[PDB]
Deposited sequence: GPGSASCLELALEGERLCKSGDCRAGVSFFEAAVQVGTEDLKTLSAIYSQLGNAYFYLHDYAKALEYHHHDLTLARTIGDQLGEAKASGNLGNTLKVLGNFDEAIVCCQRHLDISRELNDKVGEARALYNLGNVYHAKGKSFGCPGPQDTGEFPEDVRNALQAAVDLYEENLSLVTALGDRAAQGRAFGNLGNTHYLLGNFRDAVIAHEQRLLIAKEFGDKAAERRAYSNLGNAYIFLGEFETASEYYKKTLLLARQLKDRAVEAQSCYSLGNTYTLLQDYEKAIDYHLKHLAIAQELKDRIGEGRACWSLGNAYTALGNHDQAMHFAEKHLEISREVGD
């Protein structure tokens, strides 16, 4: 049943790369059910079941599969395989919120990569590890700042390495997450610098999602830099791409952000305009949360210029929610 296993796994690989993990999983599970005498093939199968379930957002199953892969990788003495499973287990543990163990695992990926003189693996491990420390500081105080600073150092180290490797997409990932870590630590200038680099690279790849993200993140930093007009301008950009990308949830998000910025700029006509557009998009998406916050936002703006009744209208409207 080895060839049949090989064959079934090929279907699964195709389907997952094809963008549909649901069917691929079933074919991998079929391959497992058929079995094989080649443990490196099973390893590969386990690893791909783990990544698919991870991407399918079943983390418990992703954890089990990567754990089996890790164990088997050791059993057969496959070092690169062990490093990989270890990194995958690490990332999964991070999502589940075991940070201590996630660190241990991602460190393993890093340490083995170095023994193997594998620079690609090493850099990737540094980024994953940075992500763990970032999540640790975010989820939570001295330990918080310490974790966030660890993430910065780790991103800086990754960037140094992927610069040598000429890996632009890796730079893009690390710049964005570095920027957001600076942002949490309260270094806004540094956050801006990082996201600016992330934006250049998103434009370079033609990636509109990443481009929108950078714009959003830059807008946020300029808010805390006390420069409101500049933030509103970056939000203006996110609005455009949101329409461009045909993402309504993001479009609404853009509108809300612009609403609050113009509130700080103390221009309440534009504020109302965008809060109105948010209100509309929110209902459209059947979002009760945003709806109320939109009603609340509108109540305030109308109150700011002393519009009387119309403020009360959204008041009640918000009260209901």
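Annotation: deposited residues 1-2, 143-153, 335-340 are not represented by C-alpha coordinates in the model.
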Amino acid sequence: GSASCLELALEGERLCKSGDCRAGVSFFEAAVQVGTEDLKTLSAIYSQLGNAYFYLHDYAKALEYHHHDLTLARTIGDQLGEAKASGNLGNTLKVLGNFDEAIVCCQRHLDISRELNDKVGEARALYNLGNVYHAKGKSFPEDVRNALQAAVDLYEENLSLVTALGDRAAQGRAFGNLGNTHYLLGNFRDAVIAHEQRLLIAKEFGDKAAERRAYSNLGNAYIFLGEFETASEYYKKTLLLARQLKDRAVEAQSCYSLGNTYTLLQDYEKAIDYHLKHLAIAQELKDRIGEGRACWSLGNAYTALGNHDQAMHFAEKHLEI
From here on, numbers count along this sequence of modelled residues.
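Between 262-270 and 53-61, the higher mean Cα B-factor belongs to 262-270. Averaged over Cα atoms, the B-factor as recorded in the entry is higher for 245-253 than for the other of 245-253 and 73-81.
For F228, the recorded CA temperature factor ranks within the highest third of the chain's modelled residues.
In the PDB entry, a CA B factor belonging to the lowest third of its chain's modelled residues is recorded for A44. For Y155, the recorded CA temperature factor ranks within the lowest third of the chain's modelled residues. Among all modelled residues in this chain, the alpha-carbon of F205 has a temperature factor (C-alpha) in the middle third. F140 sits in the highest third of its chain by CA B factor, as recorded in the PDB entry.
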